[PDB]
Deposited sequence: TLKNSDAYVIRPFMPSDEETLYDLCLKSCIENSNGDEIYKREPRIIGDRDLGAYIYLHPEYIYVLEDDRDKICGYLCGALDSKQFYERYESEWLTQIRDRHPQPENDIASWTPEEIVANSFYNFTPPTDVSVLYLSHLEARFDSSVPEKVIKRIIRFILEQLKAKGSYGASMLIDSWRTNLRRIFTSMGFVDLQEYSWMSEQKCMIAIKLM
């Protein structure tokens, strides 16, 4: 049998994970500043709570996914806005007001200057998950790492986990639903359409 390994993030994983994060959104679209996608979606976890990050490796020891289990959502989104967004703004300048001109990088850079955080559901769902998988990862492996990260959060006293899932990820949404997640509402994560989904414990 193919052995997948789920293991803690190590700092040396960063470049590989930024590349996966770019591919999952891909590396053909963002040719000027490929790092901007990871900066938006992954860097905050690496900076604030790297111990939240689990990495998924396939049978050939290749990184094919990650999952962040964020114990304290409220604190995460607060510090995202106050600590991380300040940093990525300083790295990714506001583009000119001509929306026509804009490269894909410039759409995302502009989105950093127009941030609204998702609804605080932290009193009902303490925690949240962030996940990205290669199209190759078996669904049963995705279910395993989800079941793992939910046990980890519950073991740390979480009473519930939300997730902002890209609305277009039909297959992934079906996996979360089948595990007991329900759709709460839609939310725009900067330039990105999401469904806010959630589960108790």
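Residues of the deposited sequence with no modelled C-alpha atom fall in the ranges 1-4, 30-34, 211.
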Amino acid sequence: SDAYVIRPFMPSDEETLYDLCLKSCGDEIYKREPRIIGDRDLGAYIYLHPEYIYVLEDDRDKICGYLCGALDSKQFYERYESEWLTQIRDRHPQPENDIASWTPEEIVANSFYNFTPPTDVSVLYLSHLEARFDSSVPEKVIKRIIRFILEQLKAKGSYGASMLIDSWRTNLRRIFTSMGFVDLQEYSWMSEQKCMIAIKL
From here on, numbers count along this sequence of modelled residues.
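For the pair 28-36 and 139-147, the mean Cα B-factor is higher in 28-36.
Look at the mean CA B-factor for 190-198 and for 2-10 in the entry; the higher one is 190-198.
Going by the entry's values, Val123 shows the largest Cα B-factor out of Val123, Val108, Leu129, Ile88. The deposited CA B-factor of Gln152 belongs to the highest third of values across its chain. In the PDB entry, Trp102 places in the highest third of its chain by CA B-factor. In this PDB entry, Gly160 carries a Cα temperature factor that places it within the lowest third of its chain's modelled residues. When the CA B factors of the chain's modelled residues are split into thirds, the value for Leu22 lands in the highest one. When the modelled residues of the chain are ordered by their C-alpha B factor, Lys74 lands in the highest third.
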